[PDB]
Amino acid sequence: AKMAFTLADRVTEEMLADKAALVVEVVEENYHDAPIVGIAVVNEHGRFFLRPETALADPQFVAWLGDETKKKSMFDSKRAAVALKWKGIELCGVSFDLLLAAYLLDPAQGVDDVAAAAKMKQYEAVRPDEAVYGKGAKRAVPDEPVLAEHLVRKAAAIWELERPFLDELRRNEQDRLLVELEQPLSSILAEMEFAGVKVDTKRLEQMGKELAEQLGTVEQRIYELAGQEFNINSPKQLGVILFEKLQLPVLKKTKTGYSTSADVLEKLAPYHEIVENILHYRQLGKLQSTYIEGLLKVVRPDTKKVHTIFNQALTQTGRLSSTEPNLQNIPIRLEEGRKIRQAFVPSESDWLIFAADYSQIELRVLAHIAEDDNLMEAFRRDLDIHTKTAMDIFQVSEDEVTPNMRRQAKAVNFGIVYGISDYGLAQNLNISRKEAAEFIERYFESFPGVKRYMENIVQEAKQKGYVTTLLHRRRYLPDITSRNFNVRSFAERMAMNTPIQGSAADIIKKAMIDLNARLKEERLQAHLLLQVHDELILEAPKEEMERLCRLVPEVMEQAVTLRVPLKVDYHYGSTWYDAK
């Protein structure tokens, strides 16, 4: 049953054909500056395995890799592209990426290796990566014979699966989504990850010093208020101190014991002075462990940069996620944590950070898809939509809108975006399940088109079995017909929010591609560094700021054309903190 192939010692002409399935294996999860353990090539002439030392030193092979006219089909081409960039080798001509294709066909499948993607088409002549390499502590690269066969089989699978996958994508009207959006985006993300973001490590260390001091003071204060020392970070030990020794009211219980959630503690603060201290303690400890030590651990000491990895094939909405580090959750609400952003700086002297963000892109997309006259008009007038919603649901004038009213209106507006139930709108507004579900009725009276959309989208999800986004991304909702209320309800909420969140994701991605193209045509040195939430972060020579102020927002606002305008705000400064 073994698969035939040539374990070559040298690169030959028939290995450099016009089209081929290519495997450039990087086993380490984080591929930055990581080893390439082997190379496999499958084309019309046969199947070949090449040792990286010889192949990556062969002028002809390297030329083939960088020749855009030589088309390659791969799985997770970004991984290979970045690993090669670190070795000073350019990878061009990737016309098909099986990972992205599988992701678009069904993001819920969680395809993470060739075998999983192949299984979608009843192809099983390839082993899953985990079976070949191991899980974790027992992970390792096998001997050449086993390694070569595995890489060749993955290449063979890619070679066979391209047509089948492309055919279904076309049937799904997702062929352009793959070829014109996701694949081109993959190359841009590779560039961003490789470029990295410079970190002021000295600044971070200075902050850590101050935190350790304030932390030591608070922990001691907590021990005196408790009349004893214990592991504050231990929810079990803490629970005993709070709900047994101090007899605080047990308002919330968890699976294994007492609930010590911050919102729970927030309500217990009045009962004992220790609560506020424990809250402050967790605050400080969070910044110290997660955002100071955790960040410092992933900064490359030789370049002083962090090189995140964007997971382009993970979320069910089409949004990107990032790890090592995750720059999509860096503190900003509280000033204490926000200062962390001062440690992210330009990579060159006399350069600055420029950030542009879409203003309410989710609600603008909702206005567009629902075609709600009131909501579209609201955005056409560029009104503060939370104040506007408050005026409508509460039947008051803009001058009668109180700060708390706007806050409540804001929670209602986002309810559908987040995908919360009438229950959720209560757990947030800290009101009753009935009142929470009572404002929604008032909201639908003001925005009948949104109500219509919510009813229509759920019915469409039931009829077709899935919902779609502006650029044809898809999400299957099999639970939509569940006879279990909680399960069905969640599927309905996903039916309602996916076209919103998903379309916003589509637009952001398109904007990145359009921007990258414009920056090149304009010959600007400016370049993308990060994509977080609904914003794009770049760095550029201080001399380019004025041009970027006009160029970036325009490109982002024109990415797509909706029934309402797209609005982009922007800021720039010496650090990320200064650009917001």
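Just count from 1 along the sequence shown to find any residue number. Rigid core here is just the name for the largest C-alpha set that superposes within 1.5 Å across the two forms.
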item	value
Positional deviation of Cα atoms in 8 other deposited structures of this protein after core superposition, greater for 408 to 416 or 448 to 456	408 to 416
Divergent stretch in 8 other deposited structures of this protein, 216 to 224 or 201 to 209 [C-alpha RMS, superposed by the core]	216 to 224
508 to 516 versus 39 to 47 - which carries the larger mean C-alpha B factor in the record	39 to 47
Between 195 to 203 and 261 to 269 (mean CA B-factor, as deposited), the higher	261 to 269
Criterion, highest CA B-factor; candidates, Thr54, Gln525, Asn30, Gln531	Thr54
Residue, from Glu455, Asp112, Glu362, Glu335, that the PDB entry assigns the highest Cα B-factor	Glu335
B-factor third for the C-alpha atom of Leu295 within its chain	middle
CA B-factor ranking of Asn277, expressed as a third of its chain	highest
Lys138, C-alpha B-factor rank within chain (lowest, middle or highest third)	highest
Third of the chain, ranked by Cα B-factor, where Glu492 sits	middle
Ranked C-alpha temperature factor of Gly66 among modelled chain residues, by third	middle
